[PDB]
Amino acid sequence: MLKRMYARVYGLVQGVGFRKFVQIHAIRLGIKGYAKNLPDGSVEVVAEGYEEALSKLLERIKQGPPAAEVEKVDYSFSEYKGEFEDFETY
Ligand SMILES: [Cl-]
Ligand SMILES: [Cl-]
Ligand SMILES: [Cl-]
Ligand code: NA
């Protein structure tokens, strides 16, 4: 039940506290990895932990904070690799 999740988030998702929103919910859920601003205005999330935790995080990612407007989320799941010690933003 440990897994890795990839998500990329499109819309009004930069400059609206989106990464900090992902982070707080990741910390609440025990999830490690990062939320990364991409050069096309989208956001990438790379997250590791228990699959049900990741699923809860994905629910939050699809909404974002009040200031965001999430248009689309592409996501996938793969084998847990155990690569992270905490949840960061950059
Ligand atoms: Cl942010
Ligand atoms: Cl982990
Ligand atoms: Cl992978
Ligand atoms: Na994508």
# chains A, B, ... in the order shown; residues from 1 in each chain; ligands from 1
call {"tool": "residues_near_ligand", "arguments": {"ligand": "ligand 2", "cutoff": "12 Å", "atoms": "only C-alpha atoms and all ligand atoms", "output": "PyMOL selection string"}}
result
chain A and resi 1-5+26-27+29-34+46-51+53-54+79-87
call {"tool": "write_last_selection", "arguments": {"atoms": "C-alpha atoms", "output": "JSON list (two decimals), in the first residue's frame"}}
result
[["chain", "number", "residue", "atom", "x", "y", "z"],
["A", 1, "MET", "CA", 0.00, 0.00, 0.00],
["A", 2, "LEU", "CA", 2.98, 2.42, -0.12],
["A", 3, "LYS", "CA", 2.99, 4.10, -3.50],
["A", 4, "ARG", "CA", 4.28, 6.99, -5.51],
["A", 5, "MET", "CA", 1.87, 9.52, -7.08],
["A", 26, "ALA", "CA", 0.77, 16.53, 2.61],
["A", 27, "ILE", "CA", 2.10, 17.17, 6.16],
["A", 29, "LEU", "CA", -1.44, 13.19, 5.73],
["A", 30, "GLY", "CA", 2.16, 12.07, 6.42],
["A", 31, "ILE", "CA", 3.10, 12.37, 2.72],
["A", 32, "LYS", "CA", 6.61, 13.14, 1.48],
["A", 33, "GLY", "CA", 7.90, 14.54, -1.83],
["A", 34, "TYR", "CA", 7.34, 17.94, -3.41],
["A", 46, "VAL", "CA", 5.60, 14.07, -6.73],
["A", 47, "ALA", "CA", 4.30, 12.36, -3.62],
["A", 48, "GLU", "CA", 5.11, 9.20, -1.68],
["A", 49, "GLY", "CA", 3.34, 7.41, 1.14],
["A", 50, "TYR", "CA", 0.36, 5.14, 1.79],
["A", 51, "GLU", "CA", -1.93, 4.95, -1.20],
["A", 53, "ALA", "CA", -3.09, 9.13, 2.00],
["A", 54, "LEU", "CA", -2.10, 9.93, -1.59],
["A", 79, "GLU", "CA", 5.90, 1.80, -7.20],
["A", 80, "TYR", "CA", 7.05, 3.50, -3.98],
["A", 81, "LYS", "CA", 10.82, 4.18, -4.17],
["A", 82, "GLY", "CA", 11.41, 5.71, -0.72],
["A", 83, "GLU", "CA", 13.26, 8.79, -2.03],
["A", 84, "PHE", "CA", 12.10, 11.62, 0.34],
["A", 85, "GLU", "CA", 12.52, 12.69, 3.97],
["A", 86, "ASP", "CA", 9.95, 15.53, 3.95],
["A", 87, "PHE", "CA", 7.50, 17.57, 1.80]]
call {"tool": "residues_near_ligand", "arguments": {"ligand": "ligand 1", "cutoff": "8 Å", "atoms": "only C-alpha atoms and all ligand atoms", "output": "number ranges by chain"}}
result
A: 14-21, 89
call {"tool": "write_last_selection", "arguments": {"atoms": "C-alpha atoms", "output": "CSV table (one decimal), in the first residue's frame"}}
result
chain,number,residue,atom,x,y,z
A,14,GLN,CA,0.8,29.8,-9.6
A,15,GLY,CA,0.9,32.9,-7.4
A,16,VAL,CA,-2.2,31.8,-5.4
A,17,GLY,CA,-0.6,29.8,-2.6
A,18,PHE,CA,-1.1,26.4,-4.3
A,19,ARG,CA,2.2,24.8,-3.4
A,20,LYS,CA,1.9,25.8,0.3
A,21,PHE,CA,-1.7,24.4,0.2
A,89,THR,CA,8.1,23.3,-2.4
call {"tool": "closest_residue", "arguments": {"among": "A:11, A:42, A:70, A:6", "to": "ligand 3", "atoms": "only C-alpha atoms and all ligand atoms"}}
result
A:6
call {"tool": "select_by_dssp", "arguments": {"residues": "segment 24-88 of chain A", "states": "strand (DSSP E or B)", "output": "list in words"}}
result
residues 32, 33, 34, 35, 36, 37, 43, 44, 45, 46, 47, 48, 49, 50, 69, 70, 71, 72, 73, 74, 75, 76, 77, 78, 79, 87 and 88 of chain A
call {"tool": "write_last_selection", "arguments": {"atoms": "N, CA, C and O atoms", "output": "mmCIF file, in the first residue's frame"}}
result
data_model
loop_
_atom_site.group_PDB
_atom_site.id
_atom_site.type_symbol
_atom_site.label_atom_id
_atom_site.label_comp_id
_atom_site.auth_asym_id
_atom_site.auth_seq_id
_atom_site.Cartn_x
_atom_site.Cartn_y
_atom_site.Cartn_z
ATOM 1 N N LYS A 32 5.309 12.540 1.767
ATOM 2 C CA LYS A 32 6.607 13.140 1.477
ATOM 3 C C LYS A 32 6.762 13.376 -0.033
ATOM 4 O O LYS A 32 5.996 12.862 -0.827
ATOM 5 N N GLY A 33 7.734 14.199 -0.426
ATOM 6 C CA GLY A 33 7.902 14.543 -1.834
ATOM 7 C C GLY A 33 7.934 16.043 -2.027
ATOM 8 O O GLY A 33 8.451 16.796 -1.174
ATOM 9 N N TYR A 34 7.378 16.506 -3.136
ATOM 10 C CA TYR A 34 7.339 17.944 -3.410
ATOM 11 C C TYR A 34 6.228 18.389 -4.366
ATOM 12 O O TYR A 34 5.636 17.560 -5.092
ATOM 13 N N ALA A 35 5.951 19.693 -4.315
ATOM 14 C CA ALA A 35 5.146 20.441 -5.289
ATOM 15 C C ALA A 35 6.066 21.473 -5.935
ATOM 16 O O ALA A 35 6.664 22.305 -5.244
ATOM 17 N N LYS A 36 6.113 21.452 -7.261
ATOM 18 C CA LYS A 36 7.119 22.186 -8.054
ATOM 19 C C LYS A 36 6.410 23.055 -9.095
ATOM 20 O O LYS A 36 5.580 22.563 -9.841
ATOM 21 N N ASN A 37 6.737 24.347 -9.131
ATOM 22 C CA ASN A 37 6.271 25.234 -10.206
ATOM 23 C C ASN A 37 6.988 24.869 -11.495
ATOM 24 O O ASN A 37 8.232 24.771 -11.523
ATOM 25 N N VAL A 43 1.701 23.141 -12.209
ATOM 26 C CA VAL A 43 2.365 22.647 -11.015
ATOM 27 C C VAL A 43 2.516 21.115 -11.048
ATOM 28 O O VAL A 43 1.553 20.387 -11.264
ATOM 29 N N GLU A 44 3.720 20.627 -10.774
ATOM 30 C CA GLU A 44 3.948 19.183 -10.646
ATOM 31 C C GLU A 44 4.004 18.786 -9.163
ATOM 32 O O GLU A 44 4.678 19.434 -8.372
ATOM 33 N N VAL A 45 3.303 17.708 -8.805
ATOM 34 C CA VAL A 45 3.396 17.107 -7.468
ATOM 35 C C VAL A 45 4.002 15.699 -7.587
ATOM 36 O O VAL A 45 3.567 14.882 -8.402
ATOM 37 N N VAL A 46 5.024 15.425 -6.794
ATOM 38 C CA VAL A 46 5.601 14.073 -6.732
ATOM 39 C C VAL A 46 5.483 13.692 -5.280
ATOM 40 O O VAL A 46 6.070 14.343 -4.423
ATOM 41 N N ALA A 47 4.677 12.673 -5.002
ATOM 42 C CA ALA A 47 4.296 12.364 -3.625
ATOM 43 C C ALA A 47 4.457 10.877 -3.319
ATOM 44 O O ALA A 47 4.130 10.016 -4.145
ATOM 45 N N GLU A 48 4.959 10.577 -2.121
ATOM 46 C CA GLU A 48 5.114 9.199 -1.680
ATOM 47 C C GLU A 48 4.471 8.982 -0.320
ATOM 48 O O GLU A 48 4.472 9.875 0.549
ATOM 49 N N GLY A 49 3.916 7.784 -0.141
ATOM 50 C CA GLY A 49 3.339 7.411 1.145
ATOM 51 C C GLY A 49 2.291 6.344 0.931
ATOM 52 O O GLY A 49 2.237 5.743 -0.129
ATOM 53 N N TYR A 50 1.441 6.138 1.920
ATOM 54 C CA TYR A 50 0.359 5.138 1.794
ATOM 55 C C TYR A 50 -0.622 5.578 0.732
ATOM 56 O O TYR A 50 -0.957 6.757 0.629
ATOM 57 N N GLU A 69 -7.808 28.362 -9.288
ATOM 58 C CA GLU A 69 -8.790 27.800 -10.181
ATOM 59 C C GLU A 69 -8.147 26.647 -10.926
ATOM 60 O O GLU A 69 -7.467 26.838 -11.942
ATOM 61 N N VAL A 70 -8.362 25.440 -10.400
ATOM 62 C CA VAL A 70 -7.831 24.226 -11.010
ATOM 63 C C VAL A 70 -8.717 23.846 -12.190
ATOM 64 O O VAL A 70 -9.919 23.592 -12.015
ATOM 65 N N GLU A 71 -8.124 23.814 -13.380
ATOM 66 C CA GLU A 71 -8.833 23.527 -14.619
ATOM 67 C C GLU A 71 -8.803 22.025 -14.927
ATOM 68 O O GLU A 71 -9.812 21.453 -15.349
ATOM 69 N N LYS A 72 -7.637 21.419 -14.717
ATOM 70 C CA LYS A 72 -7.366 20.012 -15.004
ATOM 71 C C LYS A 72 -6.231 19.470 -14.124
ATOM 72 O O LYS A 72 -5.286 20.179 -13.775
ATOM 73 N N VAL A 73 -6.332 18.197 -13.772
ATOM 74 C CA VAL A 73 -5.240 17.488 -13.121
ATOM 75 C C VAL A 73 -5.012 16.203 -13.859
ATOM 76 O O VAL A 73 -5.960 15.434 -14.060
ATOM 77 N N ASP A 74 -3.780 15.983 -14.316
ATOM 78 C CA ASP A 74 -3.371 14.687 -14.852
ATOM 79 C C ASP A 74 -2.600 14.017 -13.744
ATOM 80 O O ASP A 74 -1.759 14.639 -13.101
ATOM 81 N N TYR A 75 -2.872 12.748 -13.512
ATOM 82 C CA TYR A 75 -2.180 12.024 -12.450
ATOM 83 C C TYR A 75 -1.957 10.571 -12.816
ATOM 84 O O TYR A 75 -2.595 10.048 -13.731
ATOM 85 N N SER A 76 -1.020 9.942 -12.101
ATOM 86 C CA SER A 76 -0.752 8.514 -12.209
ATOM 87 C C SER A 76 -0.071 8.007 -10.941
ATOM 88 O O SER A 76 0.445 8.796 -10.140
ATOM 89 N N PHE A 77 -0.092 6.687 -10.769
ATOM 90 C CA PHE A 77 0.529 6.020 -9.625
ATOM 91 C C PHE A 77 1.533 4.966 -10.092
ATOM 92 O O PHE A 77 1.324 4.319 -11.108
ATOM 93 N N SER A 78 2.619 4.813 -9.333
ATOM 94 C CA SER A 78 3.685 3.839 -9.621
ATOM 95 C C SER A 78 4.259 3.315 -8.304
ATOM 96 O O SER A 78 3.793 3.734 -7.237
ATOM 97 N N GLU A 79 5.241 2.409 -8.375
ATOM 98 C CA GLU A 79 5.895 1.800 -7.195
ATOM 99 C C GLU A 79 6.526 2.845 -6.290
ATOM 100 O O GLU A 79 7.197 3.738 -6.779
ATOM 101 N N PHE A 87 8.260 16.971 2.910
ATOM 102 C CA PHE A 87 7.503 17.570 1.797
ATOM 103 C C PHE A 87 7.922 19.010 1.555
ATOM 104 O O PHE A 87 7.677 19.874 2.399
ATOM 105 N N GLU A 88 8.518 19.265 0.391
ATOM 106 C CA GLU A 88 9.073 20.577 0.055
ATOM 107 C C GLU A 88 8.356 21.266 -1.109
ATOM 108 O O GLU A 88 7.569 20.647 -1.835
#
call {"tool": "closest_residue", "arguments": {"among": "A:67, A:61, A:7, A:56", "to": "residue 28 of chain A", "atoms": "only C-alpha atoms"}}
result
A:56
call {"tool": "select_by_dssp", "arguments": {"residues": "chain A", "states": "alpha helix (DSSP H)", "output": "count of residues only"}}
result
23
call {"tool": "decode", "arguments": {"residues": "chain A", "atoms": "C-alpha atoms", "output": "short mmCIF file (atom, residue, chain, number, x, y, z; two decimals), in the first residue's frame"}}
result
data_model
loop_
_atom_site.label_atom_id
_atom_site.label_comp_id
_atom_site.auth_asym_id
_atom_site.auth_seq_id
_atom_site.Cartn_x
_atom_site.Cartn_y
_atom_site.Cartn_z
CA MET A 1 0.00 0.00 0.00
CA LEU A 2 2.98 2.42 -0.12
CA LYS A 3 2.99 4.10 -3.50
CA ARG A 4 4.28 6.99 -5.51
CA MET A 5 1.87 9.52 -7.08
CA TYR A 6 2.58 11.99 -9.90
CA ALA A 7 0.21 14.88 -10.53
CA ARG A 8 0.40 17.91 -12.85
CA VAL A 9 -2.04 20.71 -12.15
CA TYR A 10 -3.27 23.22 -14.73
CA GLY A 11 -5.10 26.55 -14.43
CA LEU A 12 -4.73 29.60 -12.17
CA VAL A 13 -2.34 27.66 -9.91
CA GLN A 14 0.78 29.84 -9.55
CA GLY A 15 0.95 32.93 -7.36
CA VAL A 16 -2.16 31.77 -5.42
CA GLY A 17 -0.60 29.79 -2.55
CA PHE A 18 -1.06 26.44 -4.35
CA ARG A 19 2.24 24.80 -3.37
CA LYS A 20 1.87 25.79 0.30
CA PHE A 21 -1.68 24.36 0.19
CA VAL A 22 -0.35 21.04 -1.19
CA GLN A 23 2.38 21.05 1.46
CA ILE A 24 0.12 21.61 4.49
CA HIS A 25 -2.22 18.84 3.34
CA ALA A 26 0.77 16.53 2.61
CA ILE A 27 2.10 17.17 6.16
CA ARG A 28 -1.37 16.49 7.64
CA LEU A 29 -1.44 13.19 5.73
CA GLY A 30 2.16 12.07 6.42
CA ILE A 31 3.10 12.37 2.72
CA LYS A 32 6.61 13.14 1.48
CA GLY A 33 7.90 14.54 -1.83
CA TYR A 34 7.34 17.94 -3.41
CA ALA A 35 5.15 20.44 -5.29
CA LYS A 36 7.12 22.19 -8.05
CA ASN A 37 6.27 25.23 -10.21
CA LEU A 38 6.77 24.41 -13.87
CA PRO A 39 7.76 26.96 -16.60
CA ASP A 40 4.40 26.69 -18.42
CA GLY A 41 2.38 27.94 -15.36
CA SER A 42 1.42 24.45 -14.22
CA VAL A 43 2.36 22.65 -11.01
CA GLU A 44 3.95 19.18 -10.65
CA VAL A 45 3.40 17.11 -7.47
CA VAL A 46 5.60 14.07 -6.73
CA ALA A 47 4.30 12.36 -3.62
CA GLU A 48 5.11 9.20 -1.68
CA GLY A 49 3.34 7.41 1.14
CA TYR A 50 0.36 5.14 1.79
CA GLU A 51 -1.93 4.95 -1.20
CA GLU A 52 -5.02 6.08 0.73
CA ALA A 53 -3.09 9.13 2.00
CA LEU A 54 -2.10 9.93 -1.59
CA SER A 55 -5.73 9.60 -2.69
CA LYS A 56 -6.80 12.14 -0.05
CA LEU A 57 -4.01 14.45 -1.22
CA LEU A 58 -5.24 14.10 -4.82
CA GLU A 59 -8.75 15.16 -3.71
CA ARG A 60 -7.24 18.32 -2.25
CA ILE A 61 -5.02 18.96 -5.29
CA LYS A 62 -8.05 18.89 -7.59
CA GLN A 63 -9.56 21.76 -5.56
CA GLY A 64 -6.62 23.86 -4.45
CA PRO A 65 -6.88 26.78 -2.01
CA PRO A 66 -9.79 29.30 -2.41
CA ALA A 67 -7.58 31.59 -4.56
CA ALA A 68 -6.86 28.87 -7.15
CA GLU A 69 -8.79 27.80 -10.18
CA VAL A 70 -7.83 24.23 -11.01
CA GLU A 71 -8.83 23.53 -14.62
CA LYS A 72 -7.37 20.01 -15.00
CA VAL A 73 -5.24 17.49 -13.12
CA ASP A 74 -3.37 14.69 -14.85
CA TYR A 75 -2.18 12.02 -12.45
CA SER A 76 -0.75 8.51 -12.21
CA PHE A 77 0.53 6.02 -9.62
CA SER A 78 3.68 3.84 -9.62
CA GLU A 79 5.90 1.80 -7.20
CA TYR A 80 7.05 3.50 -3.98
CA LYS A 81 10.82 4.18 -4.17
CA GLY A 82 11.41 5.71 -0.72
CA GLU A 83 13.26 8.79 -2.03
CA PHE A 84 12.10 11.62 0.34
CA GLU A 85 12.52 12.69 3.97
CA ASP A 86 9.95 15.53 3.95
CA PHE A 87 7.50 17.57 1.80
CA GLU A 88 9.07 20.58 0.06
CA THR A 89 8.11 23.31 -2.41
CA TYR A 90 10.12 24.87 -5.18
#
